[PDB]
């Protein structure tokens, strides 16, 4: 089922070379970056979507995340289902775990302050995380049964907004270099 959204954002730091590839495919070559988020997915997220991806290349050189990534408004939430990462495993306030798609994920919340949102405002907002406890193998088809995360998050008072923004399978990087090549459907 096809993606209709191209997420390609950089804070401008270093070099973030994103290729909007065929269909749900994209790749990113980055170097000496600030923060950036690139991915393919859907203009409107769903708590029911089953995201399929195949990360043919997951090669962060330093800090990057291979993560479902999206936003809601009402409330404003930036959320993650992190399947793999580079040198740094992201965490926050531990809530519990959720088992989904043969992985165990820790559930975290963080808050961002003085931080740009989807909507451009430098503001405050909460992040919801599922972060796999160990890195998911990459290079084969993988599913993120997002509903599992949604249900688990709900159980920990992490309610998503009623207004769904985009929902992408993303490469996010912080202060790093690397390569990714990911296909999403």
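Positions refer to the first chain, counted from 1.
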Original post:
Higher mean Cα B-factor in the deposited model: 132 to 140 or 116 to 124?
Top reply: 116 to 124
Original post:
With respect to C-alpha B-factor, does residue 64 fall in the lowest, middle or highest third of the chain as deposited?
Top reply: middle
Subject >> Among modelled residues of the same chain, the CA temperature factor third for residue 148 >> reply: lowest
**OP:** Please rank the C-alpha B-factors of the chain's modelled residues and tell me whether residue 102 sits in the lowest, middle or highest third.
**Re:** middle
Original post:
Can you tell me which third, lowest, middle or highest, the CA B-factor of residue 93 falls into for its chain?
Top reply: middle
Subject >> For residue 157, the third of its chain into which the C-alpha B factor falls >> reply: middle
